[PDB]
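The lines below spell out each chain.
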Amino acid sequence: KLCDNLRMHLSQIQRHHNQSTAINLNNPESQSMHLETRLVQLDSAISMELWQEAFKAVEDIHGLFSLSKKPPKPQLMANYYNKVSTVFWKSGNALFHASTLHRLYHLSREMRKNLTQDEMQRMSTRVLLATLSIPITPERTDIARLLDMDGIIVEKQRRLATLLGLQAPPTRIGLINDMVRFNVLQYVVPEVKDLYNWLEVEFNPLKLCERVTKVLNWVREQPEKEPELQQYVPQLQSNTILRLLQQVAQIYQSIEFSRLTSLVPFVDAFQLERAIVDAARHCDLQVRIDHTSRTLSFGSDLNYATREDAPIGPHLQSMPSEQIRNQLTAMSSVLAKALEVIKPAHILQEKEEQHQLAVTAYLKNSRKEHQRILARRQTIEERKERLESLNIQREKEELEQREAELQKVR
Amino acid sequence: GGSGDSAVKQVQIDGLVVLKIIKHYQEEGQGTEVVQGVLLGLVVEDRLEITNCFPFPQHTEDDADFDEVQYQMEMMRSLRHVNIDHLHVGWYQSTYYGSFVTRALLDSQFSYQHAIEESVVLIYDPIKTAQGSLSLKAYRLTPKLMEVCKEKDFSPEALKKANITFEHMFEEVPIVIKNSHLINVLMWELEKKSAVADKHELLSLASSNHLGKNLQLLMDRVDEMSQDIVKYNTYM
Amino acid sequence: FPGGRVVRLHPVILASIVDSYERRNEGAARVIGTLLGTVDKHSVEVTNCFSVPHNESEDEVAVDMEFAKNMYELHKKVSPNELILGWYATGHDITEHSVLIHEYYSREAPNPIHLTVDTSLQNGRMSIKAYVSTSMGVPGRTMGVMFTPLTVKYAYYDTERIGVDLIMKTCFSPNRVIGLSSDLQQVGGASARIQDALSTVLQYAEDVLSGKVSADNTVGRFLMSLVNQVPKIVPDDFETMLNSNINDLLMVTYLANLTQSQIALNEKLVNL
Amino acid sequence: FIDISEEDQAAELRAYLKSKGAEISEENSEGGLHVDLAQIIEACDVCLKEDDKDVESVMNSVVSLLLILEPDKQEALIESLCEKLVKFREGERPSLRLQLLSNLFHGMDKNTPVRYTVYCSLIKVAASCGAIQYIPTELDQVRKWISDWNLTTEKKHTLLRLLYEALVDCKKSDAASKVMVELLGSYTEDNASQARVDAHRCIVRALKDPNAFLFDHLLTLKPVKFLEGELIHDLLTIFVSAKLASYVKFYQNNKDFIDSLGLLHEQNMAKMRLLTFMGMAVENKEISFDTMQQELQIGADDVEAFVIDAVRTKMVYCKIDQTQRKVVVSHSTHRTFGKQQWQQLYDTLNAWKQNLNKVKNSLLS
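- What the deposited record gives as its method is cryo-EM, and the resolution it gives is 2.9 Å.

Now the structure itself:
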């Protein structure tokens, strides 16, 4: 079906085989070829679990969005972005879904001027889904790559990002900052307004559970509250506990797990010590859990390596502790010892005024010589094209002299 | 004198060129190969003085791709018509590898150096920044290969060229040894940027501290050396 | 608050003005060009610039804006971040002749940015003086000269900041690029030596009789923070861990010479 | 309006624009010019007659701003036209008038009624979005020249008072206040009628703000040495409690005056930071867990959450080990002579780190 409906699309888009109706102006036909089969293609494909055919059916529209470029946008554009989010979640990721909610937000902010509405319930619902569903998963881990050669596989991030209109995929907590730049933190529903004040603003490595437990478990009540939300929050809760564990790898050196159980409540205590192993095996941190005395060790430095932090930006808050690496002492010895002379000193203002006098003396001496440089460089620079063009062209003309001298001996 | 083999003298690159090189970011992506600009200069006191460069652009949507020479022709007139010259004595790139003179750069250089012999190729140590020595590299092509220049042979006919035994560890010239004479207005910036306020020096110095503490610098260089070099070793 | 107030200049603007003023561009002491970059609503973010066919005289001005279309078309392809912003000139800030350059720039739509690079010997001149017009209503005789002066905040995008400092070090003393991290090393302990000079003067101000108001708890915070960075805290477990890290780094630096040796040995047998 | 590439016939050029303004400014245009090519008589009209918000007048005001200060007084005629900005009560367009007349251009500063008058205007007319913009350039020009006429330093202390009052923001108010108070013991307003009554308001800021530490911005420089604490100011009564580790001290040292300003609740906070810092200063590196709990006289996992508040404060900052090293050496609070003797240590300590190590470094390379 799909390959034949695609074959029909390919027979008409730019072929101009006959007088057949052009895609470029005849909107009743053109929007039937863009939308009206393909909405049902995508719905049928994902309902029948045909994920590759469903992605080929988002490429079926994108292969028009790259070619049918001279007409206006199709009518009621919002009907693309609100639907495609549920196929792009399973075929892509929850992150690309939340970035699709950003694209939907920045479009539908204006498009409600033609899609006329006065409903209050949609305003807070649009934003609450678009900010909360971001932090959910960076770790689409390289286990699909590491067992064989590197390749040019950057294509596989680029293709997904291209359908959202980017050369590279979505990028960390800045995706929430780009929303909170606007009135979003006041359009969002009163039960969740303060959530990111606890998750990222207040620097609380092991005192956040008392705040988040009410707001998260209350948004986990699904029957009146957009059931897809409660397919992000259950792991946002454990991801917030991992935000504690990842900040605490930078704030604790050791702990008896019987104390950590009182600091960080979880669904099951044995599964919290599993979650610490699991995150460390996933390279979110590196810690001695599973230990003999049931004391977790994070280490003060040890053989410190980037497995102990997130290198993609910081998912933990911006409080790393001190650790050693190449030139850490050396470059601090250059700058910090000089800054404790350049910032406070009584002395350096006299030295740097004497250096200003040397700079002034160099210019006072050498701007007399500008009178001797000027007329010479002016005549040389006027003549440089007239002179050097007689030299730079000679490897064009000497070919015939080389050939004639060779032909003479032959 | 201080000449190498053939008529071509040592190069010098004026700081005004180095700033016009550095205005271009590293951020194309992870990495792809592009010739970022031509180097323009003239035979002067001890050296070929590179006075100025204009950046030569290419398409950069995912891969690199070429475009019409309407750019270079109109832009080399744009440099000429203020006061009169067009003087392409080399070209430059700032690609991710470090400093690395690849087989394609040798082929592109072979076409360039056989056409104009008063020329050099430039590479710069990127925001990759291992930074021990030599932030700017010169390299000329040997005259001994240019005497046997059209193209190389997909056949044993290269054996008559191989028996010349031409250099492949060949000499690289020292770019900077003495003052470029246009030091003088940027010398007068330094007092204004230093003596009266802390506002404008420290933001150039703050980079060193975080070149040490931040993620895996020598570790990622030795990691790429564990990938680049073993692939070349296995190939030979 | 109404508009533009500050310019966030940087080195390549000044390098391109100086590379237009030296060399030459028809005019001797008076040289002109069109600055390029962008703005952010109270700041100007000047990114790069180029000179244009020009001639100013005590009764004449020539701005061939058609070349600043060509150069703009070209520089747009170089990077999308540039916009035609205004103009720059050398030598003097106020003249009647400079009102003509504003008319030639008023043939383009946007807010103008007049920069004067005032190359005096004296320290009483800031190197570049930045201006924008006010009372730009509806046409009188030509255009107004009641310009609003602009401050500077510098600090545009990253990689250029090392480029100007390498040149500023070269302006003080010419040196060869193979030594650059050894130069960062031997000016490293020099900072600790001039620190030993200043720390002496700050102790010595209490040693003699009275003084030290310039230091006390701010210098105390600087030094406590300094020793909480470099070196770290002082167990001997740190000394052994520091030694094991140097023995690992040395074993890696050794392995880099082992690989230089094997880069040689395979390169050598194929050459026989 | 018409642009100035007309001849600089200053009074007539300004007056020609009053005819496009109000009729009461036009009959004093004609009557102002026909009497004389006048000074003060032409130069004051738009400053007194209405010029009101239903029309724009920034263009002709800017022509007045350059053409009054040259042919007559600068210092008096800059005070004129600023009264009417404060009277109309609009922040956008008066700021264009006040921004065009920037410092050290179109003439000279004249040491310094213009910047005083213009900063006084921008503070009084508009919100913080305007009023903040001159603070760096004016505190720089205060350092480039502090006013030799003493009354003008009282006036720029008064502008810093209008600054800390126009600011609703506590830490910018404490910044603008402690900047005035740093100058207040140096040079002018140091009289008992001025500095010594402001000492009370400094005690209000120092007691009520938990971000003040306790006494650290009073000990770091002159203000406690100039403003007495064993006077009935009670400044050093903070230095008493800040060493002495209890709510008992302040509660017993008290008065109904400072209690009525809110002091009853915040006195609990001093005990935390002073014991958390000073116990680690006495032990010197690695304190044990029950010591912190029994100095602070509180729970165990509460002290975990208070080590987090100490880490948010950067009173301590590194990784914390769980039986020993419960707080860690990132010292930032007052230890007056213990920090001075460790600075007296430091040059001798540094003497090897700067000679001995450089004798290996510079030798090797």
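Now that the structure has been shown, the text picks up again.
### A word on the overall build of chain D
Part 1 of the argument: If you tally the helices and strands in chain D, you get 24 helices and zero strands.
Part 2 of the argument: At 29 Å, chain D has a C-alpha radius of gyration far larger than the 21 Å of a compact globule built from 365 residues.
Part 3 of the argument: Structurally, chain D occupies a C-alpha span of about 90 × 70 × 40 Å along its principal axes.
Part 4 of the argument: Buried positions account for 48% of the 365 residues belonging to chain D.

### Quick look at the interface of chain C and chain B
Part 1 of the argument: Of the residues lining the interface, 67 residues belong to chain C; the matching set on chain B comes to 55 residues.
Part 2 of the argument: Buried area between chain C and chain B, summed over both chains or domains, comes out near 5,700 Å², and the portion from carbon and sulfur atoms is 70%.
Part 3 of the argument: Among the salt bridges present, the one from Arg23(C) reaches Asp14(B), with a minimum N-O distance of 2.9 Å.
Part 4 of the argument: Across the contact surface, chain C and chain B share 17 residue pairs in polar contact.
Part 5 of the argument: Within the residue set of the side of chain C that touches chain B, elements represented by two or more residues are α1 (11-21), β3 (43-51), α2 (65-78), α4 (160-172), α5 (180-186) and α8 (236-269) of chain C.
Part 6 of the argument: At 11 residues, α4(C) tops the list of elements feeding residues into the side of chain C that touches chain B.
Part 7 of the argument: Its residues assigned to classes, the side of chain C that touches chain B comprises 31 nonpolar, 21 polar and 15 charged.

### Remarks on the pairing of strand β5 (residues 87-90) of chain C
Residue and element names in this part refer to chain C.
Part 1 of the argument: Burial of β5 is two-sided: the residues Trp87 and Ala89 facing one way and the residues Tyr88 and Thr90 facing the other way are all buried.
Part 2 of the argument: In this sheet, β5 lies alongside strand β2 (residues 32-40) in antiparallel orientation, the contact comprising two bridges. Bridged to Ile32 within β5 is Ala89.
Part 3 of the argument: As judged from the four bridges shared by β5 and strand β6 (residues 114-117), these two strands associate in the parallel manner. Bridge pairing in β6 places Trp87 opposite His114.
Part 4 of the argument: Running through helix α3 (residues 98-106), the crossover from β5 to the neighbouring parallel element β6 is right-handed.

### Brief notes about a negative patch on the surface
All names here are of chain D.
Part 1 of the argument: A grouping of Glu23, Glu26, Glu27 and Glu30 is seen on the molecular surface, where their side chains present a negatively charged patch.
Part 2 of the argument: With respect to the helices and strands, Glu23 occurs in helix α2 (residues 23-35).
Part 3 of the argument: Taking the relative accessible area as the measure of exposure, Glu23 reaches 62% and is therefore exposed.

### Considerations on the side chain of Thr142(B)
Residue and element names in this part refer to chain B.
Part 1 of the argument: Here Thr142 shows up in the loop between β6 (136-139) and α4 (143-146).
Part 2 of the argument: Among the residues examined, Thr142 registers a relative accessible area of 1% and is labelled buried.
Part 3 of the argument: Non-local contacts of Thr142, meaning those with residues more than four positions away in its chain, are made with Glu167 and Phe170.

### Regarding the environment of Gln262(C)
Part 1 of the argument: Among the secondary structure elements, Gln262(C) is positioned in helix α8.
Part 2 of the argument: As for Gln262(C) and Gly33(C), which are separated by 229 residues in sequence, their C-alpha atoms are 56 Å apart.

### Concerning the sheet that holds strand β1 (residues 11-13) of chain B
All names here are of chain B.
Part 1 of the argument: As summarised here, the arrangement of the six strands in space is β1-β3-β2-β4-β5-β6, forming an open sheet in which the pairing is mixed. Each of the sheet's edge strands pairs with one partner strand only, and the pair in question is β1 and β6. The mean angle between the axes of side-by-side strands here comes to 30°, regardless of whether they run parallel or antiparallel.
Part 2 of the argument: Here four bridges tie strand β5 (residues 120-124) to β6, and the two strands are oriented antiparallel to one another. When the bridges of β6 are listed, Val121 appears paired with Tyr139.

### Concerning the pattern of salt bridges
Part 1 of the argument: Per the stated rule, a full pass over the model turns up 82 salt bridges over all chains.
Part 2 of the argument: Linking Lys20(B) and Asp19(C) is a salt bridge whose minimum nitrogen-to-oxygen distance equals 3.3 Å. Taken together, the residues span two chains, with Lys20(B) in helix α1 (residues 15-22) and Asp19(C) in helix α1.
Part 3 of the argument: A relative accessible area of 9% places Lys20(B) in the buried class.

### Brief notes about the packing of helix α4 (residues 51-65) of chain A against helix α5 (residues 78-91) of chain A
Residue and element names in this part refer to chain A.
Part 1 of the argument: α5 packs onto α4 with a crossing angle of 140° between their chain directions and a minimal axis gap of 10 Å. It follows from the interaxial angle that α4 and α5 lie oblique. Considering how the two elements wind past one another, α4 and α5 form a crossing that is left-handed. Residues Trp51, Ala54, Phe55, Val58 and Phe65 of α4 pack against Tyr80, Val84, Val87, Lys90 and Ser91 of α5.
Part 2 of the argument: Tallied by class, the residues present in the contact of α4 with α5 amount to eight nonpolar, one polar and one charged.

### Things to note about the pairing of strand β3 (residues 48-55) of chain B
All names here are of chain B.
Part 1 of the argument: Judged by how many residues are buried, β3 sits mostly within the fold: eight of eight residues are covered.
Part 2 of the argument: Judged from the three bridges that link them, β1 and β3 form a sheet pairing that is parallel. Pairing of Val11 across the sheet is with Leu48, part of β3.
Part 3 of the argument: Across seven bridges, strand β2 (residues 37-43) lies against β3 in antiparallel orientation. Bridging across to β3, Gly37 finds its partner in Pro55.
Part 4 of the argument: From the end of β2 to the start of β3, which pair antiparallel, there are four residues, and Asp46 there has a positive phi angle of about 65°.

Calculation rules
Residues numbered from 1 in each chain as written, not as in the entry; some residues may be left out. Chains lettered and ligands numbered in written order. Part of a larger assembly, values for the part shown. Heavy atoms only, no water. Helix = DSSP H or I, 4+ residues; strand = E, 2+ residues; numbered from the N terminus. Rg over C-alpha atoms; globule rule 2.2 N^0.38 Å. Buried < 20%, exposed > 50% of the residue type's maximum accessible area, 1.4 Å probe, protein only. Contact = heavy atoms within 4.5 Å. Buried area = accessible area lost by both parts, 1.4 Å probe. Salt bridge = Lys/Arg side-chain N within 4 Å of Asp/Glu carboxyl O. Polar contact = N/O pair within 3.5 Å; in protein donor to acceptor, adjacent residues only side chain to side chain. Nonpolar A, V, L, I, M, F, W, Y, C, P; charged D, E, K, R; others polar. Pairing = 2+ DSSP bridges. Right-handed = clockwise from strand over helix to strand, strands pointing away. Patch = residues over 30% accessible without salt bridge, like charges linked within 9 Å, V, L, I, M, F, W, Y side chains within 5 Å. Areas by Shrake-Rupley, 256 points an atom, 1.4 Å probe, with all protein chains shown as cover. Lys, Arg positive; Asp, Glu negative; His and termini not counted. Charge placed at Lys NZ, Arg CZ, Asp CG, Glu CD. Axes fitted to C-alpha atoms, helices over the stretch in contact; angles between N-to-C directions. Parallel < 35°, antiparallel > 145°, perpendicular 65-115°, else oblique. Left-handed = near helix turned anticlockwise from the far one by under 90°.

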